[PDB]
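Enquirer: Can you keep this structure in mind? I'll have questions shortly.
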Amino acid sequence: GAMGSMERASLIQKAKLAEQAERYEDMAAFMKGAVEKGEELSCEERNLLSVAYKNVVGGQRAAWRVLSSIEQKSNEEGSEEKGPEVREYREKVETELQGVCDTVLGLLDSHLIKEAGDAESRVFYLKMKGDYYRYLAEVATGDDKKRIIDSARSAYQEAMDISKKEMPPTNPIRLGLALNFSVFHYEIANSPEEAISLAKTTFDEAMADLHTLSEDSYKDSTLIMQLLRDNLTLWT
Amino acid sequence: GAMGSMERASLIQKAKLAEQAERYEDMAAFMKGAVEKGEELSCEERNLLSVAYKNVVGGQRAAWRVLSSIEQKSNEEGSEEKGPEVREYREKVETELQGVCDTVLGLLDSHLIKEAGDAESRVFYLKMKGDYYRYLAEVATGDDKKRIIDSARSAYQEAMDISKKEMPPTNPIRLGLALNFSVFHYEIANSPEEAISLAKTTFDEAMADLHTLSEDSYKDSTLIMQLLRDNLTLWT
Amino acid sequence: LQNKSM
Amino acid sequence: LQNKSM
Ligand SMILES: [Ca+2]
Ligand SMILES: [Ca+2]
Ligand SMILES: [Mg+2]
Ligand SMILES: [Mg+2]
Ligand SMILES: [Mg+2]
Ligand SMILES: [Mg+2]
Ligand SMILES: [Mg+2]
Ligand SMILES: [Mg+2]
């Protein structure tokens, strides 16, 4: 790999510089190199990895949605024929998005998840596995769509089981996992009632645990609780 | 080139899709392929080329400025030594920025400028040559800094001479050229008085020509005149 | 609007 | 602020 000759600490240092410069493709490549050094990742390092790829795939997903919309319009009644270009370019962006998802999933499988033993790291990585299968599911249309969806579900479910046993209801990772699993139910699995029930129960159980928290932790938790509330207001 | 097998019209079509998706690296590669087909560019096609590379290099310049600031701070009195990483990563971004500038200048030299005979196309391309030498000048520090600066100046000057002879004072290309040449004087050539004089005279001569214009042209011209005013307010 | 995720 | 260019 092109990062094989750079020190682990230098890769982390440059990942932080890339974030400051909003160079998220660079940031992702640096953190991929850090992961490939083979040592487990600290809490801060895990969040550098997630920030980098979240931003990269976020831009690809937004672009895919623009192109997919143009493509759907082109196939309505009365739309003039413009050739294969829209499909081709949507396919180009889709393939690059799938490549990024495959890269993240490959890092999780080789070998982040199997070495992660603490609840905070294991839940974090399983949530990530669910997230990137969900992004694959957003663009899937063929023979493997159902297996892609079930792979996202299974990863989210394993993470949920651990988080409920090992973390308090206000833990930001637990809350973000539940938020995203709820979105999976609503957007991918055609299960809006499950999405709503999960978001409500997660919100209510966190509300009842806020009294245990410091001011700084209270801020961290209520920020994510508001996102659950935003979705409930959108969905109901 | 990787775009050699794609139709000129398809490359233009996909450049417009990439703009809609805010995929400016793709947009630039598509328009580079279109230029390399060897035919002259229409007014719309020229502006697709400029939009694409303006956005690509704009992101690189913003990132370079972030990193350069961090690097300058690292070299102040009392700053802890953190190793070569900041310089290395600034150099990495700088080299990619220079590569993009070289690519644009190469397209202008082979062979957009020499085939451009109408004032609107020739001024447009010479302004672009000035702009991308200016971006090279922003990061230049060595033996060739003075020659880089003079290359920007010479291209801007040739474009100015043509624009004054062949275009009305409200022409948006003429106005944008003068705006950018004024910025060159202020930011690159250490000539704030020249920058101010040029911006004022350009603004005043355009003001006196607005009466000749349609409502739509009046909007186009006054938009750029406001940018001249913004700079004058910042600089005085 | 869009679904919120983190 | 930043210099305006176009
Ligand atoms: Ca371990
Ligand atoms: Ca010609
Ligand atoms: Mg080492
Ligand atoms: Mg394509
Ligand atoms: Mg496909
Ligand atoms: Mg042809
Ligand atoms: Mg570097
Ligand atoms: Mg250099």
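Here, A, B, ... name the chains of the structure tokens in the order displayed, residue numbers run from 1 inside each chain, and ligands are numbered from 1 in the same displayed order.
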Set the cut-off to 12 Å, count only C-alpha atoms and all ligand atoms, and list whatever residues fall near ligand 5 as a list in words.
Expert: residues 64, 68, 87, 88, 89, 90, 91, 92, 93, 94, 95, 96, 97, 98, 99, 136, 137, 138, 139, 140, 141, 142, 143, 144 and 145 of chain A
Enquirer: Pull the closest atom pair for each residue of chain D that gets at most 6 Å from chain B, along with the distance in Å to one decimal, counting only C-alpha atoms, ordering rows by chain and then ascending residue number, as CSV.
Expert:
residue,atom,partner,partner_atom,distance
D:4,CA,B:227,CA,5.9
D:5,CA,B:180,CA,5.3
D:6,CA,B:176,CA,5.8
Enquirer: What residues in chain A lie within 6 Å of chain B, counting only C-alpha atoms, written as a ChimeraX atom specification?
Expert: /A:21,63,66
Enquirer: Please, which residues have at least one atom within 8 Å of an atom of ligand 6, using only C-alpha atoms and all ligand atoms, listed as a VMD selection string?
Expert: chain B and resid 6 to 9
Enquirer: Which residues are near ligand 2 in this structure, taking near to mean any atom at most 12 Å from a ligand atom and counting only C-alpha atoms and all ligand atoms? Format them as a list in words.
Expert: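 Listing the residues within 12 Å of ligand 2 gives residues 38, 39, 40, 41, 42, 111, 112, 113, 114, 115, 116, 117, 118, 119, 120, 121 and 122 of chain B.
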Enquirer: Any chance you can output those residues with N, CA, C and O atoms as a PDB file, in the first residue's frame?
Expert:
ATOM      1  N   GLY B  38      -9.848  18.476 -30.023  1.00  0.00           N
ATOM      2  CA  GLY B  38      -9.171  19.331 -30.975  1.00  0.00           C
ATOM      3  C   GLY B  38     -10.020  20.409 -31.613  1.00  0.00           C
ATOM      4  O   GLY B  38      -9.470  21.272 -32.307  1.00  0.00           O
ATOM      5  N   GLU B  39     -11.329  20.392 -31.410  1.00  0.00           N
ATOM      6  CA  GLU B  39     -12.192  21.437 -31.935  1.00  0.00           C
ATOM      7  C   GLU B  39     -12.251  22.603 -30.955  1.00  0.00           C
ATOM      8  O   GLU B  39     -12.084  22.430 -29.744  1.00  0.00           O
ATOM      9  N   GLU B  40     -12.487  23.798 -31.494  1.00  0.00           N
ATOM     10  CA  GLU B  40     -12.647  24.982 -30.664  1.00  0.00           C
ATOM     11  C   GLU B  40     -13.878  24.831 -29.773  1.00  0.00           C
ATOM     12  O   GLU B  40     -14.767  24.010 -30.022  1.00  0.00           O
ATOM     13  N   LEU B  41     -13.898  25.604 -28.696  1.00  0.00           N
ATOM     14  CA  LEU B  41     -14.966  25.525 -27.714  1.00  0.00           C
ATOM     15  C   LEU B  41     -15.944  26.676 -27.899  1.00  0.00           C
ATOM     16  O   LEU B  41     -15.538  27.820 -28.130  1.00  0.00           O
ATOM     17  N   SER B  42     -17.230  26.369 -27.766  1.00  0.00           N
ATOM     18  CA  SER B  42     -18.272  27.386 -27.751  1.00  0.00           C
ATOM     19  C   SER B  42     -18.212  28.189 -26.453  1.00  0.00           C
ATOM     20  O   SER B  42     -17.509  27.821 -25.512  1.00  0.00           O
ATOM     21  N   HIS B 111      -4.308  23.401 -27.646  1.00  0.00           N
ATOM     22  CA  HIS B 111      -3.901  24.539 -28.466  1.00  0.00           C
ATOM     23  C   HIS B 111      -4.985  25.610 -28.461  1.00  0.00           C
ATOM     24  O   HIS B 111      -5.273  26.231 -29.487  1.00  0.00           O
ATOM     25  N   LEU B 112      -5.608  25.811 -27.301  1.00  0.00           N
ATOM     26  CA  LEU B 112      -6.798  26.652 -27.240  1.00  0.00           C
ATOM     27  C   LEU B 112      -6.493  28.091 -27.640  1.00  0.00           C
ATOM     28  O   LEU B 112      -7.225  28.694 -28.431  1.00  0.00           O
ATOM     29  N   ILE B 113      -5.419  28.665 -27.098  1.00  0.00           N
ATOM     30  CA  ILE B 113      -5.165  30.082 -27.325  1.00  0.00           C
ATOM     31  C   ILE B 113      -4.849  30.343 -28.793  1.00  0.00           C
ATOM     32  O   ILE B 113      -5.357  31.301 -29.387  1.00  0.00           O
ATOM     33  N   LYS B 114      -4.007  29.508 -29.405  1.00  0.00           N
ATOM     34  CA  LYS B 114      -3.564  29.814 -30.760  1.00  0.00           C
ATOM     35  C   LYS B 114      -4.688  29.729 -31.786  1.00  0.00           C
ATOM     36  O   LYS B 114      -4.597  30.386 -32.827  1.00  0.00           O
ATOM     37  N   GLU B 115      -5.736  28.945 -31.534  1.00  0.00           N
ATOM     38  CA  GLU B 115      -6.887  28.844 -32.422  1.00  0.00           C
ATOM     39  C   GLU B 115      -7.981  29.856 -32.099  1.00  0.00           C
ATOM     40  O   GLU B 115      -8.955  29.953 -32.851  1.00  0.00           O
ATOM     41  N   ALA B 116      -7.855  30.602 -31.000  1.00  0.00           N
ATOM     42  CA  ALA B 116      -8.890  31.538 -30.569  1.00  0.00           C
ATOM     43  C   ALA B 116      -8.668  32.891 -31.240  1.00  0.00           C
ATOM     44  O   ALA B 116      -7.689  33.582 -30.951  1.00  0.00           O
ATOM     45  N   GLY B 117      -9.589  33.279 -32.116  1.00  0.00           N
ATOM     46  CA  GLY B 117      -9.450  34.507 -32.879  1.00  0.00           C
ATOM     47  C   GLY B 117     -10.440  35.595 -32.516  1.00  0.00           C
ATOM     48  O   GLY B 117     -10.148  36.781 -32.693  1.00  0.00           O
ATOM     49  N   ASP B 118     -11.615  35.214 -32.022  1.00  0.00           N
ATOM     50  CA  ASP B 118     -12.606  36.187 -31.594  1.00  0.00           C
ATOM     51  C   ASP B 118     -12.225  36.754 -30.233  1.00  0.00           C
ATOM     52  O   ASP B 118     -11.627  36.071 -29.397  1.00  0.00           O
ATOM     53  N   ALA B 119     -12.568  38.026 -30.023  1.00  0.00           N
ATOM     54  CA  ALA B 119     -12.193  38.696 -28.783  1.00  0.00           C
ATOM     55  C   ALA B 119     -12.718  37.947 -27.567  1.00  0.00           C
ATOM     56  O   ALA B 119     -12.017  37.813 -26.557  1.00  0.00           O
ATOM     57  N   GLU B 120     -13.949  37.442 -27.645  1.00  0.00           N
ATOM     58  CA  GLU B 120     -14.557  36.804 -26.485  1.00  0.00           C
ATOM     59  C   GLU B 120     -13.800  35.545 -26.076  1.00  0.00           C
ATOM     60  O   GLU B 120     -13.614  35.289 -24.880  1.00  0.00           O
ATOM     61  N   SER B 121     -13.350  34.749 -27.048  1.00  0.00           N
ATOM     62  CA  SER B 121     -12.608  33.536 -26.720  1.00  0.00           C
ATOM     63  C   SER B 121     -11.164  33.845 -26.350  1.00  0.00           C
ATOM     64  O   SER B 121     -10.630  33.283 -25.384  1.00  0.00           O
ATOM     65  N   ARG B 122     -10.516  34.733 -27.106  1.00  0.00           N
ATOM     66  CA  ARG B 122      -9.110  35.015 -26.846  1.00  0.00           C
ATOM     67  C   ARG B 122      -8.922  35.673 -25.488  1.00  0.00           C
ATOM     68  O   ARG B 122      -8.017  35.303 -24.728  1.00  0.00           O
TER      69      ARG B 122
END
Enquirer: One number please: atom CA of residue C:3 to atom CA of residue A:212, in Å, one decimal.
Expert: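 Taking atom CA of residue C:3 and atom CA of residue A:212, their separation equals 29.2 Å.
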Enquirer: May I ask for the distance between atom CA of residue A:199 and atom CA of residue A:222, given in Å to one decimal place?
Expert: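 Value for the atom CA of residue A:199-atom CA of residue A:222 distance: 13.7 Å.
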